[PDB]
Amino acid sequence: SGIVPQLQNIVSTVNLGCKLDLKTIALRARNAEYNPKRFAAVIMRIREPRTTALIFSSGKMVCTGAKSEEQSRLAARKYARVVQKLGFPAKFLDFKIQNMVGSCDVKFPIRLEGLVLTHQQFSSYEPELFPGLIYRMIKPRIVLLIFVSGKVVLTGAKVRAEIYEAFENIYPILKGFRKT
């Protein structure tokens, strides 16, 4: 197909293995945000790897923002350390990449209207509610948002390879719905 999705976000989780005290953390980490009313975790953000993290009282933590398996893993480590230095046994157990998002450009318009039809069991398209065809591919289990211009977003991946597979699968199909 000659094209390559560029990763755009990676959501990963990890376990610090020690019940945290969020208010404490909220008060001292400073670049934090916290309001157990709206959600039960302290949002915290670093500048490199530029990320954001939801810190949980349970020790568990989610990391979002990254653009590569590693940038995420690193940011995961640095937030782990940040809590470490604030006064708690920050271990780094069970790291795992929960979601990965990617995007690319087929380089041509697509008549969503037909794809929807010839592929109804896979597609969804209510252009007034949202302008993109939600293509829930099955192998690999990747949901793609296909748009009029040819911009495509693959999502719900646990491994970079799923995104590459997914695209390669959807490409020829897309290439066959070139807007007139």
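We call the rigid core whatever largest set of C-alpha positions still superposes within 1.5 Å between the two forms. Residue indices: 1-based, along the sequence shown.
- RMS Cα deviation from the shown model in 7 other deposited structures of this protein, rigid core fit, is larger for 28-36 than for the other stretch of the pair 28-36 / 135-143.
- Displacement analysis by core superposition in 7 other deposited structures of this protein ranks 122-130 above the other of 147-155 and 122-130 in root-mean-square C-alpha distance from the shown form.
- Averaged over CA atoms, B-factors in the entry run higher in 104-112 than in the other of 104-112 and 86-94.
- Stretches compared: 24-32, 123-131. Higher mean C-alpha B-factor in the entry: 24-32.
- The entry lists C-alpha B-factors for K139, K67, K37, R136, and the highest of these is at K37.
- Of the candidates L117, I146, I55, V143, the deposited coordinates give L117 the top C-alpha B factor.
- Per the PDB record, residue ranking by Cα B-factor puts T180 in the highest third of the chain.
- In this PDB entry, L7 carries a Cα temperature factor that places it within the lowest third of its chain's modelled residues.
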